[PDB]
Each structure stands twice: as C-alpha cells, then as structure tokens.
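[1] coordinates only, no sequence provided:
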DNA sequence: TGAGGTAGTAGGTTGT
RNA sequence: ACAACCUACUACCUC
Ligand SMILES: [Mg+2]
Ligand SMILES: [Mg+2]
C-alpha cells in the first residue's frame, strides 16, 4: 500500500573534520604480558585510562587527541592483578567511513567524544552514555529523574549521528536502615555499599550481630574496614542471587536498597526533538537535522474464522477456521459443581457455527487424591477428552506448575480460569476459551493470502536458569496455515547447536510433508534475536540439498529505536527499510511503540515481501483474542513453548500432540 | 492463572 | 569493561 515519510529518533550532525578522519595511533605495552583471554576487557580499560577521547583499535588505541596530552604512562588493577601500561605513538592513520571496518572505529571514538562531552556539563547525571536533565521528583529520600539515553556514531559520508531516546532513573539517597526507617516496606534487591555485588534481601534476623556465629558477623566485616565511617545495624538474612535457597547473614548498615517498584508518542517526539537541539549545540556538533526515511503501510492481513474476522475472539460466534469433533473436560478446585452455564452456551454457540460436534465431560476428582486423580485423568483421555478447563482460585507458581505437568503426563493440556468469575467478564473467559480451544488442537483462525513461503518456523532459546532450551514452533501451510510445536532440546547457552536447528526444522518440514503431499517450495526462518555466527549453516546446506528455498531473518525486540510520523498518526504495519539487509517493522499500536528490527541474514526474497509475511504472521496467534502480539505467531509460540518447558520440564510432554498448543 | 503492551530495576550469553 | 542481543522481576495501562 501507500508510501510515507517518517522521523527516526536519529539526528544528522556535522561532518567529521580533517583531523577526526585521521586519529593518532598508539601501541599498548603491559607489564605482566597480557593474558590470552583478558586482552579485550583490559585493552578497553587502557583506552579509558589514556584520557582524552580514545578507543581500542585492533591491539592498539585510536585517539582523537595528540599523544602529548594523553596519560601515556600509568598502572592498572584488573581482577586483582596490577599491570603497568605504557603508550607509544605510532603516528596517525586515516579512516574511511565508506569501509564499515574503519567506520567501526570512528563510531567507537564518537561514543567516547559523546560521553566525555557529557561528563563536563553542570547540573545533570551521566550513568553511561545517558544523560538525566530535568529532575522529575523532589521525593522523600528517593529521587526519580527525567532525561534521555543517547548514542552517537558516524556514517558512510563521514558525519556524526546522534540517536536520542527519553528515559528515567530511580535512584536512592539513603541507607538500608535509614531508608527503611524512613517508613517504607522491605526491598527486593539490595546492593553492598563497599562493593557492587547484589543480594536478594530475604528477611530480618532476630539475632545479635555481635554474638552471631559466622560459619562472628560483628568481627568479620569490621576486620575488613567496613565498621569505619558507618554503624552496622541488625542482622539481615540475605540470599545469593545464583543460589536462591541458602541464606547468608549480613549487616543492615553495610547495605543499600536497590529501589525499583516503589510517555505518550505525541510527547515523546517532542521531548526527543528538544533534548536533541540542546545537546547538538552544547557539544559543538552542529544543528540537529531530524533524519527521515520512507515508510510503507503494509497491506492488512485477511484473518479467517470460518467466515472472515477482525480478531480471533470473533471466531467464537463466526465459527472456527477448522473445528473437528472435540471433547473438553472440566476440573474445579473450588467447591462448585458443574460448568457455568454461560460457558456452556458460549462453547456450544461457537461449535454450532463451526459445524462439528462437542462433548462436555467433567472430572469428579481432586489432585489431593494422589494416583486416584491421575486415574480419573486417564479415563477422561480414554473417553476422547482433549483438554481440560480448570476453575480455581489463584494458584501459587509451585502448585500451578505441578498441576499443569500433572495433566500433561496424561496428554491433557489445560487452561486455568481463576474462579471468582462473573459472566460480565467477557474478555477474560473468552480468552480462556480461546486458550482452551487451541490447547484442544483446533485451528481457531488462519490467514487468507498467498505468501512467498508456505512454512514459517520460529526459533527461540532459553527458559531456564543454568542451561536453557532451544525450540521451534511453526505455521505450516502457506495458506495462512495451521500451528504446531516440536520437542525442545536442552543446551548450555543461547546458541542452538547446528545439528539441533536442522533437526527441529526437519520436524516442521515433515509436518508439512504430512499436511500437503510434498516438500514446501520455500520456508521462512525466524530467529529470536541475534543469529549466533553460523548457527543455521548446517540447516541451510540441508535445505539446499533438498531443493527447498529459504529466508533467514533476525527478529529483534530491541534496537530498532523509535519511529514517528512526519504528520498524521502511526498506522499498523509500517515497513521502514534502512541499511540494506535490515528494516524496521512497526507491528502494533500503550504509550510509545517499540518497532521490531529485522535483519535479512540469508536468502534472496525482497525485504518488502519478508516484511509482508512477518507482519501478517503477527495476527495468526489464536490465544490473544482481543489484541495481537508484537511478534510473528511462530516466534511468539516458540517463546511460550520455551518458557513452559523451563517452568515445568520436558519429561511430561512425551504423550502430548504437537498440534495442541499447550503452552499458550 | 485472560491476553496484549510500555517502562523501571536487576543480571546473562556472544563477540572483538 | 565495552558493544550487540537476550532474560527475570515488578509497576503501570488496554479490549
Ligand atoms: Mg530469546
Ligand atoms: Mg494461556
């Protein structure tokens, strides 16, 4: 559809000068010849110690300052060791904004120059490359500030670029004893005053600090120098952030509270244009010209119930895109008896429209019966039950998870619906109903349209603490197809192992080969952030050998900055090319919208096309009912799948149908 | 546990 | 330590 012009929260500034396009170069020289694994955290530390504006350039420094006015000789204490540096001038070296390699450096210096010129300005705050200008609260002990977070790089032409985005700080000005005595509840986070390590403040200790055995609190922390200039308070039984179970005593005097809980797009645009003007001139960088880019309102998707719909909730009266014969059991954990009538009517209305038939069972049993309860589950499944609705008061995480896993071990997904529930809460129970139905394995909605790819799979990592899970969900059938998940696999990090990516992918290829009678002509591959170097290498090879076409795309929930209209309102579905191989996509519009940032990593489909499918896949998600997810359904699904599997383990899923969206 | 979202604390992996 | 992404909490708003 239409073109448009939009404002990016970037601003063009002055060209770099003849001296800036040619930094001085320096050769570092450390005493304890550097460790092989420490040279980066440390070389970056020397660039800072050098003074002036100077960054790391390979294994030396690039400086925008003549060596004569740098601290070329110093010492350095990192992780306990004391290294002694010495900087040697190695003349100067021109850099080419054209060459993105040398441009990497010019933007490194740019960030320094930015933060170093923010440092010398009175009446503000500089927590990193961010500035806090107009204070926001007088407060009573605690001060919350206004301001903005900034960034500053170079460009192809060789000009500075200044990204700007409004922000806030929540700072404390007292002690864990002083602030808590000032009349406020106990904090969740609490950082040491003599260090930067943090703890999960659990409780207070009804024990004497002096006579308390330390596997003595009074004697141990005082014999470190902490007792000076301060007065340790009472025992504060804290617990590690890594090991959440084991407590460790500590003094409420040596602790500071890490306070936390305690803008509109019209306004945000404003505040951004202001902060940019000021900074532009107090910086000697010129008048801030608001960069503009061409946008494109993408063609709205055709959501299909049985008849077309605007929201998945509508399928509840129009009928489902593909309903089958389905049995749903009810489990109540409160005292009550049967299905609330309005819930019965509602399901029946929706199932009538769709055609096929509905059986409504009841589970007369309670988890408290132990194995008996499972046996009741086994019979429900036996009578064709597919999912269960659980009416109950709010469960606690631990009991919630136990229940969910319990039912899944008998292949019953389940939807929880909290029980103080009045019929006029239509939004709640309709969403619960949608959840119930997707968990049962129905396709509640689909898309009408032709797309480049007939198979779209999303890959996420991680729902766990120590290790994580790599998983994939997919929409199969280009048609605007039907949805399914695959068994996740545990992994050490964020990187999904190459063999796993392929294997998960092949499960979706096979799902396709079972629905249509062929291989897909082309798959769209979504990844949930950075694509770790070469992660899809093996997978993409295989797709070739098999004759399947593909497109890979990093989809990033952050980094896309902001997008404002030159005039009018922001529409749903703005596609905004940028540096080739990357574009923003503004898929939804609380306050100010955060656009996805997408990087076409591999494959030869045009950006607009990828941007078309992705935006549309945004509306495929069946469990949201009255609002769409910012993310394509395949990645939203995978995100959920990876979280549920981390909440409650992989062991339970062996007998659950990949077509039943149990994690929604 | 109805589901979306922005936005403020914290901390983790990949990468040079 | 820095970038790039990711994640957890909580608060707030919405149909
Ligand atoms: Mg992720
Ligand atoms: Mg759900």
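    Cool, got the structure. Numbering: from 1, shown residues only, chains lettered A, B, ... in the order given. Ligands and ions are numbered 1, 2, ... in the order given.
[2] residue contacts, the residue in chain A positioned nearest to ligand 1?
    Using CB to the ion, the closest approach of chain A to ligand 1 is made by residue A:528 at 4.2 Å. Backbone N, C-alpha and C define where each C-beta goes, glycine included. Shown in contact with residue A:528 (CB atoms under 8 Å, 6 or more residues apart in numbering): A:458, A:459, A:460, A:461, A:555, A:635, A:638, A:639.
[3] next, the fifth one: secondary structure please.
    The reference is to residue A:555. At residue A:555 the chain is in strand, as set by DSSP: H, G, I helix; E, B strand; the rest coil.
[4] count of neighbours near it?
    When neighbours are defined as other CB atoms under 10 Å, residue A:555 has 22 of them.
[5] so it bridges to which residues?
    As for beta bridges, residue A:555 partners with residue A:598 under DSSP bridges.
[6] and the residue of the stretch 301-450 of chain A nearest RNA strand C?
    Using CB to the nearest atom of the strand, the point where the stretch 301-450 of chain A gets nearest to RNA strand C is residue A:427, with a distance of 4.4 Å.
[7] helix or strand: which one has that residue?
    Using DSSP states H and E, residue A:427 sits within helix A:426-440.
[8] verify the stated contact: residue A:300 with residue A:573.
    Yes. Checked against CB atoms under 8 Å, the pair residue A:300 and residue A:573 is within contact range at 6.8 Å.
[9] which residues in the stretch 1-150 of chain A form strands?
    A:3-15, A:24-27, A:54-57, A:60-63, A:76-78, A:81-83, A:88-92, A:130-131, A:142-145, A:148-153 (DSSP state E, counting those that start in this stretch).
[10] who does the third one pair up with?
    In the sheet, strand A:54-57 lines up against strand A:60-63 (antiparallel) (DSSP bridges).
[11] quick one: check the strand it pairs with for contact with DNA strand B.
    No. With CB under 7 Å from any atom of the strand as the criterion, DNA strand B is not reached by strand A:60-63; the gap is at least 12.7 Å.
[12] right, is that strand up against RNA strand C?
    No. With CB under 7 Å from any atom of the strand as the criterion, RNA strand C is not reached by strand A:60-63; the gap is at least 13.3 Å.
[13] give me the residues contacting that strand.
    Contact with strand A:60-63 is made by A:23-28, A:46-47, A:50, A:52-56, A:70, A:87, A:90, A:93, A:95, A:105, A:108-109, as judged by CB under 8 Å, 6+ apart.
[14] I figured residue A:92 hits residue A:24, correct?
    Yes. In this structure, residue A:92 is within contact of residue A:24 by CB under 8 Å, at 5.0 Å.
[15] near RNA strand C, which residues of the stretch 101-250 of chain A show up?
    Taking CB under 7 Å from any atom of the strand as the criterion, the stretch 101-250 of chain A approaches RNA strand C at residues A:111, A:128, A:129, A:151, A:188.
[16] which parts of chain A sit against RNA strand C?
    Counting by CB under 7 Å from any atom of the strand, chain A comes close to RNA strand C at A:40-41, A:44-45, A:48, A:111, A:128-129, A:151, A:188, A:260-261, A:427, A:460-463, A:494, A:528-530, A:556-559, A:590, A:597, A:626-627, A:639, A:643.
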